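Structural overview for review
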Amino acid sequence: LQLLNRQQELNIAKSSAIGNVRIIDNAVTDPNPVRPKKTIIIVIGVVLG
Amino acid sequence: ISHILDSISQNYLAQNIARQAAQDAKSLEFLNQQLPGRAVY
């Protein structure tokens, strides 16, 4: 009976198994592109010219 | 802005207290799903 209780506890622990890792924010895409950066490109062009 | 900040603070408080029992809550959920010698029961 002690081994049965231990096996049940191990079943609970195996099934729950919440690890030390958690997903707080799932991925979403920023609708504004990060490249090309138009303003810095045009400023670089003007200054280079 | 004060209403929004009150809502943010209360949401954070509720989320924290909810997470501080997540492992036990999942264990209880699986125990409920696992409920069917009678000493084990």
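Residues numbered from 1 in each chain as written, not as in the entry; some residues may be left out. Chains lettered and ligands numbered in written order. Part of a larger assembly, values for the part shown. Heavy atoms only, no water.

Method of structure determination, per the deposited record: cryo-EM was used for this entry, reaching 3 Å resolution.

**Observations concerning the overall build of chain B**
Regarding its fold elements, chain B presents two helices and zero strands. With the C-alpha coordinates of chain B rotated into their principal frame, the extents come out at 60 × 15 × 10 Å. Looking at chain B as a whole, 5% of its 41 residues are labelled buried. When the accessible surface of chain B is summed, it comes to about 3900 Å², and 58% of that surface belongs to carbon and sulfur atoms. (Helix = DSSP H or I, 4+ residues; strand = E, 2+ residues; numbered from the N terminus. Buried < 20%, exposed > 50% of the residue type's maximum accessible area, 1.4 Å probe, protein only. Areas by Shrake-Rupley, 256 points an atom, 1.4 Å probe, with all protein chains shown as cover.)

**A few points about the overall build of chain A**
Helix and strand counts for chain A come out as two helices and zero strands. Expressed along its principal axes, the backbone C-alpha trace of chain A runs to roughly 85 × 20 × 10 Å. Per-residue burial over chain A gives 4% buried out of 49 residues.

**Section: a nonpolar patch on the surface**
On the surface, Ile40, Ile41, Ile42, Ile44 and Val46 of chain A cluster together into a nonpolar patch covering about 510 Å² of accessible area. With respect to the helices, strands and loops of the structure, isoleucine 42 of chain A is situated in helix 2 (residues 38–48). (Patch = residues over 30% accessible without salt bridge, like charges linked within 9 Å, V, L, I, M, F, W, Y side chains within 5 Å. Salt bridge = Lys/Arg side-chain N within 4 Å of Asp/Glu carboxyl O.)

**Overview of unusual backbone geometry**
All names here are of chain A. The peptide bond linking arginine 35 to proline 36 adopts the cis configuration, its omega dihedral lying at 0 degrees. Tracing the backbone through its elements, the reader meets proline 36 in the loop between helix 1 (2–16) and helix 2. Although it is not a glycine, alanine 17 adopts a positive phi angle of roughly 50 degrees. Among the structural elements, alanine 17 can be located in the loop between helix 1 and helix 2.

**Looking at the side chain of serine 16 of chain A**
Counting through the fold element by element, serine 16 of chain A comes out in helix 1. The exposure class assigned to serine 16 of chain A is buried, which follows from its relative accessible area of 6%. In this structure, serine 16 of chain A is in contact with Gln23, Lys26 and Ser27 of chain B, ignoring residues within four places of it in sequence. (Contact = heavy atoms within 4.5 Å.)

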